[PDB]
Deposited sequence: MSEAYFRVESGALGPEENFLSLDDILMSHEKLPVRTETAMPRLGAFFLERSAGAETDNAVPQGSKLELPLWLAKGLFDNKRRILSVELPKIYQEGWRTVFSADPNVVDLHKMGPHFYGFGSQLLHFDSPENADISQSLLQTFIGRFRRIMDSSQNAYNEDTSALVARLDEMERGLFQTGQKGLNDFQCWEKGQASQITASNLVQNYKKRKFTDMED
């Protein structure tokens, strides 16, 4: 309408400062290891400080706010799903995966996850497409058609950027039907 929100950007290089979607995405914890001890910071992480090496779960924004090319403050590991482990099962058939149970922001998180200069960055990206361009169909076919419990069951498996495509296609199919009528 007249309300044009700030669209996402998590799929491009950086996020969008004012994007509600992006702040929401970047708030998902992440597998992170400690390097140098951090005093005072021991009350929040209930286990006066935090030893070096501690395995932690930190918001993608925090982990990214501390990470650098020296790992002199943080160590990070590619979450189990972005690992070549599943990166193969997706290659098999993506249109079966439950991209919602897994990281709800599958694509967005995956993209921002590149900053951590992982060596295997390439292989990830060359899968963030293989799994989208691979599901592009079942998503469109669901949007460009009236609701049924096949979409109510399909939707329960799309991630946050797909549930979005879903709506959009569900919008034009409902703009034209609100026209084809009287």
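Novice: I have the full deposited sequence and the modelled structure. Can you tell me which residue ranges, counted from 1, have no C-alpha coordinates?
Specialist: In sequence order, the gaps with no modelled C-alpha are 1 to 2, 50 to 57, 193 to 216.
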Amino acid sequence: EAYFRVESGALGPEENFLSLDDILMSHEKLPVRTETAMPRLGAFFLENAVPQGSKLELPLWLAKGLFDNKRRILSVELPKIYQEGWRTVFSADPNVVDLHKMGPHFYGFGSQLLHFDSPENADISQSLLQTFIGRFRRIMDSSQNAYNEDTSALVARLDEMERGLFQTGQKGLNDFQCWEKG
From here on, numbers count along this sequence of modelled residues.
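Novice: Once you work out the mean C-alpha B-factor for both 22 to 30 and 66 to 74 from the entry, which is higher?
Specialist: Per the PDB record, 66 to 74.
Novice: Can you let me know which of the two, 148 to 156 or 56 to 64, has the higher average C-alpha B-factor in the entry?
Specialist: The stretch with the larger average C-alpha B-factor is 148 to 156.
Novice: According to the PDB entry, is the CA B factor of residue 101 in the bottom, middle or top third of its chain, that is, lowest, middle or highest?
Specialist: Residue 101: CA B-factor falls in the middle third of its chain.
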